[PDB]
Amino acid sequence: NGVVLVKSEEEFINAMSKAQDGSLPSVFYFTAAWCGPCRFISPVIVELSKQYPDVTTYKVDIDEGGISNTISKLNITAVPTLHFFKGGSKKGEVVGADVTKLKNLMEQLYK
C-alpha cells in the first residue's frame, strides 16, 4: 500500500491481478534510469503516496529483463507513462511528463 518496485514477470502479473480482477486502487509507473523528467516525478510520486495511503503505485523500470515482454505487450511509447486503475478497470493513461494530470487523477480517483 505504497510505492512497490516490480522487477519480475511474477511480480507484475500479481500487481495486474490486484489492479484488474482484484479491483484495488492501483497505479503503474513506467520509468527508466535514462528518463530525464522521471528525476522530478519519482519524488512527486513518493509524496503523493503519503497523501493517498491506500493506493499502490507499482514502479516499473522498462529496461528490466524478465518483464521484457510485458512492456512490448503494453505499447509503451514514452517514459514516463502512468496507468490508473480503480474498480478493476483503467481510468487513465498519462503518456509523457504531465504532473498536472497525475495529481488531478490521484485526487479524482482515490480521494
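Easy rule for this one: first residue shown is 1, then count along the chain.
Cβ atoms here come from the backbone N, Cα and C positions, even for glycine.
According to Swiss-Prot, the protein has these features:
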| type | residues | note |
| --- | --- | --- |
| DOMAIN | 6-111 | domain 'Thioredoxin' |
| ACT_SITE | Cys35 | active site, nucleophile |
| DISULFID | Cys35-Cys38 | disulfide bond |
| SITE | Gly36 | site 'Contributes to redox potential value' |
| SITE | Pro37 | site 'Contributes to redox potential value' |
| ACT_SITE | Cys38 | active site, nucleophile |
Set of same-chain residues at least 6 away whose C-beta sits under 8 angstroms from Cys35 (active site, nucleophile): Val79, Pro80
DSSP three-state assignment for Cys38 (disulfide bond): helix
Listed recorded sites (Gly36, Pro37), ranked by Cβ neighbours within 10 Å, top entry: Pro37
Under 8 Å by Cβ from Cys38 (disulfide bond), same chain, sequence gap 6 or more: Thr31, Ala32, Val79, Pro80, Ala97
Structural state census, the domain 'Thioredoxin' (6-111) (DSSP three-state): 42 helix, 26 strand, 38 coil
